[PDB]
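Enquirer: following this: a sequence and the matching experimental structure.
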Amino acid sequence: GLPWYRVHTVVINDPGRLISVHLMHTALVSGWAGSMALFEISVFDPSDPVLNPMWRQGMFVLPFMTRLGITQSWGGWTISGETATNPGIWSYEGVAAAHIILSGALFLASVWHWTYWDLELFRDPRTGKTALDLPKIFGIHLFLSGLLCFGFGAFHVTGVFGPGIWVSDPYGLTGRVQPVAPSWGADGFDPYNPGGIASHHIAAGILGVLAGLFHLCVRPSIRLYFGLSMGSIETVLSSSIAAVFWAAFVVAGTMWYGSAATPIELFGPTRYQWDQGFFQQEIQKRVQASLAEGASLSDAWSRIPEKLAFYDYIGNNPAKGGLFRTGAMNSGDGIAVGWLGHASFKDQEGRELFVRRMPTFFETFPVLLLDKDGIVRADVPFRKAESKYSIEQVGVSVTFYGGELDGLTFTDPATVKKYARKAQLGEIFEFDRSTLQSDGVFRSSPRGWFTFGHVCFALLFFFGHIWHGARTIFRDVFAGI
Amino acid sequence: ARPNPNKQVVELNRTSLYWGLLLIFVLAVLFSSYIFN
Amino acid sequence: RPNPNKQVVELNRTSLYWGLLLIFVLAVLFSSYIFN
Amino acid sequence: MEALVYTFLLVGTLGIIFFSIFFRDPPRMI
Amino acid sequence: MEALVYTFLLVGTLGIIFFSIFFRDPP
Amino acid sequence: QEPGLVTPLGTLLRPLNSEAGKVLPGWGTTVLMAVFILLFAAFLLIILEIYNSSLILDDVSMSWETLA
Amino acid sequence: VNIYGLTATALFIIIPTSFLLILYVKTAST
Amino acid sequence: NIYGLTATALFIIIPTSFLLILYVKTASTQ
Amino acid sequence: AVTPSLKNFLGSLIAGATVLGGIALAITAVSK
Amino acid sequence: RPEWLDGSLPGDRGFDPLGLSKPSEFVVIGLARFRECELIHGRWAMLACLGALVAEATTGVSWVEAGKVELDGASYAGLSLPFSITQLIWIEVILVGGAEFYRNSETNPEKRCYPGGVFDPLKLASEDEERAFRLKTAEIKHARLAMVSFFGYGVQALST
Amino acid sequence: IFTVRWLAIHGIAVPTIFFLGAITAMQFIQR
Amino acid sequence: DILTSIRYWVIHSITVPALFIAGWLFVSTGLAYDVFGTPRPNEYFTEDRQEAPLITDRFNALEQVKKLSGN
Amino acid sequence: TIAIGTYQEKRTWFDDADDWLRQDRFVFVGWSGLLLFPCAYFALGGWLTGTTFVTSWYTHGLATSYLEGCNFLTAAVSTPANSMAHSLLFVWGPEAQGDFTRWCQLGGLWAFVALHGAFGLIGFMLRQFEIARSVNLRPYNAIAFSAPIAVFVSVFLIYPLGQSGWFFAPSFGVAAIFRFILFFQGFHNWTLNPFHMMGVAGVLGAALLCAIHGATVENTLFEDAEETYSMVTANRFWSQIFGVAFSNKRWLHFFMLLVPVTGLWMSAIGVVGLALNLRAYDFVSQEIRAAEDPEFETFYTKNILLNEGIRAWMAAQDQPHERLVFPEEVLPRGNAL
Ligand code: CLA
Ligand code: CLA
Ligand SMILES: CCCCCCCCCCCCCCCC(=O)OC[C@H](COP(=O)(O)OC[C@@H](O)CO)OC(=O)CCCCCCCCCCCCCCC
Ligand SMILES: CC1=C(/C=C/C(C)=C/C=C/C(C)=C/C=C/C=C(C)/C=C/C=C(C)/C=C/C2=C(C)CCCC2(C)C)C(C)(C)CCC1
Ligand SMILES: CC1=C(/C=C/C(C)=C/C=C/C(C)=C/C=C/C=C(C)/C=C/C=C(C)/C=C/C2=C(C)CCCC2(C)C)C(C)(C)CCC1
């Protein structure tokens, strides 16, 4: 009999039961999607969309639902942060229920196709035995895929009939679902350009329908037919697995490095935005412009929105988490509740001191307050270690601009050390660490979890492609030698 | 609708059972400390 | 030495259904009290 | 949480009833 | 009760080893 | 053996799955396939180098600032 | 909401189910 | 601890039940 | 507009085609 | 002249560079259908071209714009109609599906392409061998002209 | 004759001799 | 088909010393430093620079390296 | 002509090329040779020329060539500077703009060697497939060799791609590999990741299996179709010594095949996890217990302190692009605890 790892090979020469098992898998996938959406809506907290975005609460399916236009719920709230009017059928709960019903229907269809398998459709008219004309099925399926791709790219993203897609400004402050006009030209291959999505989908749909027609009309050559073993079905599996892990690599890379298809308002900021001081540079430029206008320090620093300062914080960096630090970010370092402001450190002489920000790659980084030219001026020494430039000796004073703590100056060395440690991470924020019993250690963004899972799956599927290609190209000796 | 020719039965001898049980218990021993954190 | 007293246990599908129904009904009845 | 457990228990019981009604052992030689 | 479950897992592994040693099927 | 189950939908789709093992003598259209593979490889290199900032074009900016 | 109740319910659901499945599979195979 | 304990219990129980079912199916036919 | 990077890339494509054609012609000459 | 261009058909012009209709040998391990497809596509092309020209001439609204004003308010030849988009699409799909389903139920390809009968009021077909063939060539030529003209209209609609 | 084995051996060997001479010359210099 | 005859040992007794001398001259003449850009022992630290150089740029690397290499 | 199968087809250029390539000779070229020989040859040549002449005075600030006086152990092919980020670093690319000297100075040899080597491994696996097909054998060698490819891809390609740039990828050299190992120990606690534990167990078990099988076969030989050693005696010996013993040659040799491949694949998965800084770094319960009670101390806490020391004392010179200057009073020390 079959060993435990060969049980699913009983449908290798029975098209009806193959259709049945593939239907069962589709039903399971749809049911998972529906159940996960329902759970996410049950857990989601839409109270504050500024300091508590959906990517902060460890939401995985909600960003993907929101990416394509689902922005309302039957609970009376919207993802933007306004009251929901006439939500309609296509809400979060509606999508989850629709997926569940689809899963049930697919389950019933799978049961039917399993029960009745001896169909005349799968019988060769000449020989009378089960057969599949793989090139023609491929042509039909490619035709359908191209048609669907063109429809999506011409009616959904363009907003002609559909709702559009999520687009945001470069710094992720004002984003929403909008129609996207196609962008033909050198751009569009610019990954961060939303018009590339529409242009690509339209062009790829046209090419796909043309190729489907070709593969439907033209028979393969005998040399190619024998070379690629088009008579067998396992070569189809090997090629499909190959394309699948290729796609997995591409999607994981696009997710990790960011793109127009992965907005930061839905999945969170990127490791490389913290590496290059993206938000820090934007904030500095804005405050410098306000200062040069003629305003003082306090009012200029108060103009900075809390969202932009929140993005400039190492807690939201997806590369600061851990493998077994499970859960949402809010369980990591509490729920953000307010922005204290920008902290300026000044020695007794008057020189402004800047604290060196922790690189995204260190677990523990010593706190150092540098001069304007980079010379070290102050530093908290290692625990219980003799010091020569400590905070107490140098006499560093911290003053805050904008935010909750505006115009307040502290001179006590203890609070100065505390705020220096806080500012080592970036912007200082007040955190509620009691609601969720947060541990105190950073978790990882949904971006990081998605990338990790999909790269691991892609590697495993590369191995699967190797194995199945070897099996299909060595069938004579694999017949049980 | 008729007796399907593709009929086969799965088997698992005692050695395979011991291998599987040992693998499961060893993996649990290795990962329990991490999961409990 | 092999044991002459050798026998095999059998459990038809009806017995399986009865046992599953019994355990699930007991769980349903006692869950409210166990959770309290 | 507990409501989910109760719902799961009831759904499982109903599924067992359905399977017993439909996927039953055919009776022979009554 | 973490020590309890750790000990239970280790004892289960030891029992599996003992059963494999002494209750193996004949050739 | 006996003919399988006959259904109107099955008979409707019967002409599609009725040309198994049907091939063209010779190499057929393999040269066109090779040409298209070469073109697709060139296009993939285009987009890969554009995305990697190793191929800089005036119109594309390759930055989060292109969302402007 | 206590862990003890949930784990007791889960064990009581699963262990007899596994035992009954073992016996039924043994019977059906024979 | 509820998440970890539940995951450990399920991982211990379900695959062992599956393996035992397969073995008992195998051992029935001598 | 043709940037220097694009021109260098086109030259690289030409060189790759050249080496592939060289391998193909060597195989053709030897095999015959 | 290509060998597979056997002639004796209205559309014979010696234009088939890629050999789509060229028969090929086969190993196991049609022109009528293509003529019918060209015929049907051309018929719809002339219908669409004439309709677009008449609509531009009479009411003046652009053919590409047609549909937006109709969805807001239905009107034909400046006269309102009491139909919503749902009833319109339902009636259209039912009637067109019926006409299609009656169309393809013909085992004879000659009648499939050239039904005649009630669709030819005047006895123009009869059994003529030259004049009927000439007018058939005229229909196919005007079909090709209308197809290319409508393709030009569609191209000009984009980027404008 | 320019056989394949000749090509392989010479391609491996000639740079090896050149590099050995270069490395000996490096040994000659101070460091 | 091993052939270790005197013919081999006399035909290959002229080119091998030529290659050895070519490599020796390549290192000695100084072409190795020029071709590969490896700094000479008296050029690691120039007058303006007295520490390990830093690149800290991507698209300006060429002329920056040329400037900080003393040329 | 050619007997393709049901029908006979006239031969073509491809037939002649295939006939020549598969011709028996000293070095089996095959179709895969076209991809294997050039890539592998250029990888080896690039490594040797980089370790011999090319320096690293600009990418890393280190002298890593024989011409500079390095030994075999210390010579290496250094990665490009962190400024290049993930540039493919083509010699014709914008970074070097064709200048070979400046291309070598910027450190393009590392990318050259890595890419040509990866394509060489792909070609080698294809060569295994082709040879196995020619000899009519199951290609289990290819499935076995898949694990080294996975390790190479996960360590030399995926890890730098998930990190800041090529700068943090391993550098081809004996001492650079030790630096990479200590770097993982310090910044990642890589010794505590369960996937590395699986890899260690797999590799050590593979070595044990090799030793046991060799010693057992060599010690049960028959005195002199039929086997050269007695399986029954070996089975009896290992059943009465250890407790369990193999009884099927198929199962024994498949186990020998299976152990190292699984170990290396799990190690590759762990390295993929590390590429995103997803680490099995700390136990939160132990951390809070140590923080609250100063007298609580285990070996895990000592390892954490050692990692802190490694990071602080290495980052000053290992990562010059950070421009870190740690004062003596912030460096972790044992006496300060
Ligand atoms: C690739 C797909 C994918 C991705 C990226 C995510 C990502 C996420 N999920 Mg989702 N989830 C998924 C699939 C996925 N999930 C599926 C298929 C299910 C159904 C089972 C769920 C069910 C689910 C729930 C119910 C919850 C999440 C939550 C989360 C978030 C917390 C991260 C996490 O899981 O930490 C955990 C990560 C790990 C444990 C890493 C696994 C490392 C290895 C593979 C484990 C191997 C163990 C091995 C078998 C040995 C076991 C030993 C034994 C003792 C058990 C994160 C956004 C949580 C959240 O914040 O949402 C509100 C949450 O509550 N997910
Ligand atoms: C498109 C995906 C795909 C499909 C359709 C198949 C289909 C098949 N594979 Mg292949 N395979 C794949 C991917 C795929 N595989 C990948 C990615 C790998 C690398 C890991 C392999 C490695 C592989 C090997 C090594 C072998 C097969 C075999 C088989 C056949 C029997 C299935 C089997 O093992 O019994 C059913 C399997 C089980 C009952 C065991 C399941 C237990 C798993 C490991 C744990 C549970 C996983 C969880 C529930 C679901 C995870 C979901 C996740 C994928 C997202 C069948 C034709 C076998 C075969 O036919 O060879 C003769 C065989 O020996 N496959
Ligand atoms: C005085 C000496 C005392 C020694 C005591 C220790 C003996 C250890 C015996 C281990 C048996 C393992 C189960 C074998 C299961 C079994 O029945 O195997 C049986 C198998 C023989 O299989 P066959 O050849 O009969 O297979 C026939 C085929 O048809 C396949 O079934 O033996 C092996 O595979 C050898 C590999 C041993 C691998 C040993 C691994 C040891 C892991 C130890 C883990 C320790 C955890 C500690 C946690 C606290
Ligand atoms: C019939 C019907 C119905 C119902 C339906 C339903 C209710 C369904 C459901 C369904 C469902 C409810 C489903 C579910 C599913 C789930 C799943 C399918 C899951 C899965 C999972 C997984 C697969 C995972 C895995 C894992 C883990 C565990 C972790 C990580 C790692 C891994 C991945 C391994 C009604 C009457 C209403 C209507 C009609 C029809
Ligand atoms: C980069 C480059 C390239 C290429 C190059 C090449 C290809 C090179 C080659 C190279 C080579 C190919 C080299 C070689 C070398 C060798 C050597 C270096 C050797 C050594 C030896 C030794 C060291 C020995 C040892 C020993 C013995 C064996 C005896 C006994 C003992 C002992 C151990 C001592 C190209 C064109 C692509 C591009 C441009 C540039």
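Expert: Here it is on my side, so go on. Residues are numbered from 1 along each chain as shown, chains lettered A, B, ... in the order given. Ligands and ions are numbered 1, 2, ... in the order given.

Enquirer: my read: residue A:93 touches residue A:73, true?
Expert: Yes: Residue A:93 lies in contact with residue A:73 (Cβ atoms under 8 Å); the separation is 6.5 Å. No exception for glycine: its C-beta is placed from N, CA and C like everyone else's.

Enquirer: hey, what's in contact with both of these two?
Expert: residue A:41 (Cβ atoms under 8 Å, 6 or more residues apart in numbering or on different chains).

Enquirer: in chain F, what residue lies closest to ligand 5?
Expert: Proximity to ligand 5, evaluated over chain F using Cβ to the nearest ligand atom, is greatest for residue F:54 at 18.4 Å.

Enquirer: for chain L, see how far away that residue is.
Expert: Taking Cβ to the nearest Cβ, to the nearest Å as the measure, residue F:54 falls 11 Å from chain L.

Enquirer: again, but for residue J:69
Expert: 54 Å.

Enquirer: wouldn't that residue be in contact with residue J:61 here?
Expert: Yes: assessed by Cβ under 8 Å, residue J:69 is found in contact with residue J:61 at 6.4 Å.

Enquirer: of these two, who's got more company?
Expert: Per other Cβ atoms under 10 Å in any protein chain shown, whichever of residue J:69 and residue J:61 has more neighbours is residue J:61, with 15 against 12.

Enquirer: let's verify the more buried one: helix, strand, or coil?
Expert: Assigned with DSSP: H, G, I helix; E, B strand; the rest coil, residue J:61 falls in the coil class.

Enquirer: go on, residue J:43?
Expert: Per three-state DSSP, residue J:43 ends up helix.

Enquirer: list the contacts for the closest residue to it other than its chain neighbours?
Expert: Leaving aside its chain neighbours, residue J:43 sits nearest to residue J:143 (6.4 Å; criterion: Cβ to Cβ, 6 or more residues apart in numbering or on different chains). Neighbour list for residue J:143: J:38, J:39, J:41, J:42, J:43, J:45, J:46 [criterion: Cβ under 8 Å, 6+ apart].

Enquirer: again, only this time at 7 Å
Expert: Taking Cβ atoms under 7 Å, 6 or more residues apart in numbering or on different chains, we find residue J:143 in contact with J:39, J:42, J:43, J:45, J:46.

Enquirer: ok, so of the residues you listed, who is nearest residue M:105?
Expert: residue J:45 (65.4 Å; Cβ to Cβ).

Enquirer: next, give phi and psi for residue A:352.
Expert: In terms of degrees, to the nearest 10, the main-chain angles of residue A:352 are phi -80, psi 130.

Enquirer: what number of residues lie near the residue lying closest to it once chain neighbours are set aside?
Expert: Leaving aside its sequence neighbours, residue A:352 sits nearest to residue A:346 (Cβ to Cβ, 6+ apart; 5.6 Å). By other Cβ under 10 Å, the residues close to residue A:346 number 16.

Enquirer: how about residue A:346, what does it touch?
Expert: So, once contact is read as Cβ under 7 Å, 6+ apart, residue A:346 ends up touching A:352, A:353, A:397.

Enquirer: what separates whichever residue of chain G sits closest to chain K from chain B, distance-wise?
Expert: Closest contact between chain G and chain K, by Cβ to the nearest Cβ, is at residue G:29 (61.2 Å). Distance of residue G:29 to chain B, computed by Cβ to the nearest Cβ: 8 Å.

Enquirer: now swap in residue A:186 and tell me
Expert: 49 Å.

Enquirer: could you do residue D:27 as well?
Expert: 21 Å.

Enquirer: surely the residue of chain F closest to ligand 5 meets residue M:86?
Expert: No: the criterion here is Cβ atoms under 7 Å, and residue F:54 misses it with residue M:86 at 9.2 Å.

Enquirer: so which residue of chain J comes closest to chain H?
Expert: Counting by Cβ to the nearest Cβ, chain J gets nearest to chain H through residue J:29 (40.3 Å).

Enquirer: check contacts around the closest residue to that residue other than its chain neighbours.
Expert: Among residues not flanking residue J:29 along the chain, residue F:21 sits closest, at 3.9 Å (Cβ to Cβ, 6+ apart). Each residue near residue F:21 by Cβ under 7 Å, 6+ apart is listed here: A:231, J:28, J:29.

Enquirer: for the nearest residue to residue M:322 once chain neighbours are set aside, the count of nearby residues, please.
Expert: Among residues not flanking residue M:322 along the chain, residue A:359 sits closest, at 6.3 Å (Cβ to Cβ, 6+ apart). By other Cβ under 10 Å, 15 other residues sit near residue A:359.

Enquirer: tell me if the strand or helix carrying residue A:29 is near ligand 1.
Expert: Element membership of residue A:29 [criterion: DSSP states H and E] is helix A:15-43. Yes: for a cut-off given as Cβ under 6 Å from any ligand atom, helix A:15-43 has contacts with ligand 1, namely residue A:43.

Enquirer: ok, back up a step: just among the contacts of residue F:21, which is most surrounded?
Expert: Neighbour max across these (other Cβ under 10 Å) = residue A:231, 16 neighbours.

Enquirer: which ones are touching it?
Expert: Taking Cβ under 7 Å, 6+ apart, we find residue A:231 in contact with F:21, J:29.

Enquirer: contacting residues for residue A:99?
Expert: A:30, A:33, A:34, A:37 are the contacts of residue A:99 under Cβ under 7 Å, 6+ apart.

Enquirer: just residue M:222 next, same as before
Expert: Neighbours of residue M:222 in contact, by Cβ under 7 Å, 6+ apart: M:228, M:229, M:230.

Enquirer: just the residues you listed now: which is nearest chain C?
Expert: Looking across those and measuring by Cβ to the nearest Cβ, the closest to chain C is residue M:230, at 29.4 Å.

Enquirer: and for that closest one, the neighbour number?
Expert: When neighbours are defined as other Cβ under 10 Å, residue M:230 has 13 of them.

Enquirer: and for the spatially closest residue to it that is not a sequence neighbour, the neighbour number?
Expert: Distance criterion Cβ to Cβ, 6+ apart; nearest residue to residue M:230, sequence neighbours excluded, is residue M:220 at 5.0 Å. Residues lying near residue M:220 (other Cβ under 10 Å) number 18.

Enquirer: same check on residue A:436?
Expert: 14.

Enquirer: surely it touches residue A:333?
Expert: No: counting by Cβ under 7 Å, residue A:436 does not reach residue A:333; the two are 10.2 Å apart.

Enquirer: and the closest residue to chain M within chain L, what does it touch?
Expert: Nearest to chain M, among the residues of chain L, is residue L:52, at 3.4 Å (Cβ to the nearest Cβ). Neighbouring residues of residue L:52 by Cβ under 7 Å, 6+ apart: M:61, M:320.

Enquirer: in a strand, it, correct?
Expert: No: secondary structure of residue L:52 (three-state DSSP): coil, not part of a strand.

Enquirer: for the residue of chain G closest to chain K, the count of nearby residues, please.
Expert: Residue G:29, neighbours per other Cβ under 10 Å, totals 13.

Enquirer: which residue, other than its chain neighbours, is closest to it?
Expert: residue H:28 (3.9 Å).

Enquirer: ok, now residue A:205?
Expert: residue A:150 (2.5 Å).

Enquirer: in which helix or strand would I find that neighbour?
Expert: helix A:134-151.

Enquirer: who are the packing partners of that helix?
Expert: Applying 3 or more Cβ pairs under 7 Å, 6 or more residues apart in numbering or on different chains; DSSP states H and E, one finds that helix A:134-151 contacts helix A:195-217.

Enquirer: the helix it packs on: how far from the chain's middle?
Expert: The chain centre lies 26 Å from the centre of helix A:195-217; the measure is Cα atoms, centre = their mean, to the nearest Å.

Enquirer: and that helix, what does it pack onto?
Expert: Counting by 3+ Cβ pairs under 7 Å, 6+ apart, helix A:195-217 packs on helix A:134-151.

Enquirer: with only the CA atoms kept, save the helix it packs on in CSV.
Expert: Provided in CSV are the C-alpha atoms of helix A:134-151 (Å, rounded to 0.1, in the frame of the first residue of the first chain):
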residue,chain,number,x,y,z
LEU,A,134,-3.1,19.8,-21.4
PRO,A,135,-2.2,22.5,-24.0
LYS,A,136,-5.8,23.3,-24.7
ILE,A,137,-6.8,23.5,-21.0
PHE,A,138,-3.8,25.8,-20.6
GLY,A,139,-5.0,27.9,-23.5
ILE,A,140,-8.5,28.2,-22.1
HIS,A,141,-7.3,29.1,-18.6
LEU,A,142,-4.8,31.6,-19.9
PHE,A,143,-7.5,33.2,-21.9
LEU,A,144,-9.7,33.5,-18.8
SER,A,145,-6.8,34.9,-16.7
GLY,A,146,-6.0,37.5,-19.3
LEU,A,147,-9.6,38.6,-19.6
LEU,A,148,-9.9,38.9,-15.9
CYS,A,149,-6.6,40.8,-15.6
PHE,A,150,-7.7,43.3,-18.3
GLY,A,151,-11.1,43.8,-16.7
